[PDB]
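Quick heads-up: it's one chain on its own, the form solved without 2'-deoxyuridine 5'-monophosphate, in structure tokens.
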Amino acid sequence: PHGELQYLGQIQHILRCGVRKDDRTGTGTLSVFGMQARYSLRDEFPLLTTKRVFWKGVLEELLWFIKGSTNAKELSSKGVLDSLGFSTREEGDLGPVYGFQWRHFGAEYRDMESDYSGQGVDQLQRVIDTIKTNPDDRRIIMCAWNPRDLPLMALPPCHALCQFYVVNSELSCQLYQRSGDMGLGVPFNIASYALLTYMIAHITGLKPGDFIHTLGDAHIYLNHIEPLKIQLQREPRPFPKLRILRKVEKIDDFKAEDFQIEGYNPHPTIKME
């Protein structure tokens, strides 16, 4: 039985048992606390089939993140409350934000054109190195922050924690998100971290295993209920495959054309606010 049925069952559960709760901007959601789903990565790829998921932008944004870019324009050229500073956000400089954290966590930030080699902890290279040096390690963990939180406090809570896990030649990944937007973010995140798992697995000589997605505040924005009610009447189709087209060595060497989705036949796009 389909992994996508988990996602559908969770939409249904929120629209049946979710309670009203407002987000940051006093905007309204249906919310349930604590959920999880598992998607096999073995000989398939969890790109949701009940609406067409924007795969090329999942890929391109992950590449931007892997590059550690803080330049909005290095992504914008793919067509895909955070504020401080006049000349710099005209520029497109986002500050020490997003992928900066995966590749240079904790480095004093200069500008977006600066050279940061060997500055701060490279969480991502560290995960890859640990998988190679000690596959049993229970600490293969990479965190991400909402940029808005960084200036806001000391020891600010992560938005996402990712933990990899190896047994019997299989690479699994668990993504824990302190909140998840079920209509828009969640399918995008499932594909994004399954893609990352496929990349790490490839450069470390392992086979992808499971992607496990865990949420704290799983929620549906009031304005997505109706389109989601309609998405629920669609029957999932077999997940596609992801194929890597070249042999790749190092996680920074990956390019968009290294990747090819196969047998992807989704139901039409659903637009949600």
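Under this definition, the rigid core comprises the largest set of C-alpha atoms superposing within 1.5 Å between the forms. Heads up: residue numbers just count along the shown sequence, starting at 1.
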Would you mind checking whether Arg89 is unresolved in the model of at least a third of the other PDB entries compared? yes
From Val80 to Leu81, how many deposited residues does the entry skip: none, 1 to 3, 4 to 9, or 10 or more? 10 or more
If you average the CA temperature factors over each stretch, which comes out higher, 68-76 or 198-206? 68-76
Can you tell me which stretch has the higher mean Cα B-factor, 150-158 or 123-131? 150-158
Looking at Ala144, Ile140, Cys173, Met112, which has the highest Cα B-factor in the entry? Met112
In terms of recorded Cα temperature factor, pick the maximum from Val53, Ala218, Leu245, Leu228. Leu245
Of the three thirds of Cα B-factor ranks in this chain, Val167 occupies the middle
Of the three thirds of its chain by CA temperature factor, lowest, middle or highest, which one includes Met272? highest
Can you work out whether the C-alpha temperature factor of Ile11 puts it in the lowest, middle or highest third of the chain? lowest
Where does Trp102 sit by CA temperature factor within its chain: lowest, middle or highest third? middle
With respect to C-alpha B-factor, does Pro238 fall in the lowest, middle or highest third of the chain as deposited? middle
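There is another form of the same protein, the form solved in complex with 2'-deoxyuridine 5'-monophosphate; it is not shown, and what comes next is about it.
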Only one of 170-178, 194-202, 110-118, 81-89 has residues with a heavy atom within 4.5 Å of 2'-deoxyuridine 5'-monophosphate in the deposited bound form, and that stretch is 170-178
Taking 4.5 angstroms as the cut-off for heavy atoms, does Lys250 touch 2'-deoxyuridine 5'-monophosphate in the deposited bound form? no
Touches 2'-deoxyuridine 5'-monophosphate in the deposited bound form: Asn189 (any heavy atom, 4.5 Å): yes
With the partner left out of view, is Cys158 within 4.5 angstroms of 2'-deoxyuridine 5'-monophosphate in the deposited bound form by any non-hydrogen atom? yes
With a 4.5 Å heavy atom cut-off, would you call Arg24 a contact of 2'-deoxyuridine 5'-monophosphate in the deposited bound form? yes
Which is the one residue in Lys250, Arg16, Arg24, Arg20 whose C-alpha moves 2 Å or more between this form and the one not shown, relative to the superposed rigid core? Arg24
C-alpha of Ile141: shift of 2 angstroms or more between this form and the one not shown, rigid core aligned? no
Please state whether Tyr198 has a C-alpha shift of 2 Å or more between this form and the one not shown, with the rigid core used for the fit. no
2 Å or more on the CA of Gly120 between this form and the one not shown, with the rigid core superposed, yes or no? no
Since the C-alpha distance between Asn223 and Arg148 changes by 3 Å or more in the deposited bound form, give its direction relative to the shown form: closer or farther. farther
If the CA atoms of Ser31 and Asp149 move by 3 Å or more in the deposited bound form, do they move toward each other or away, so closer or farther than here? farther
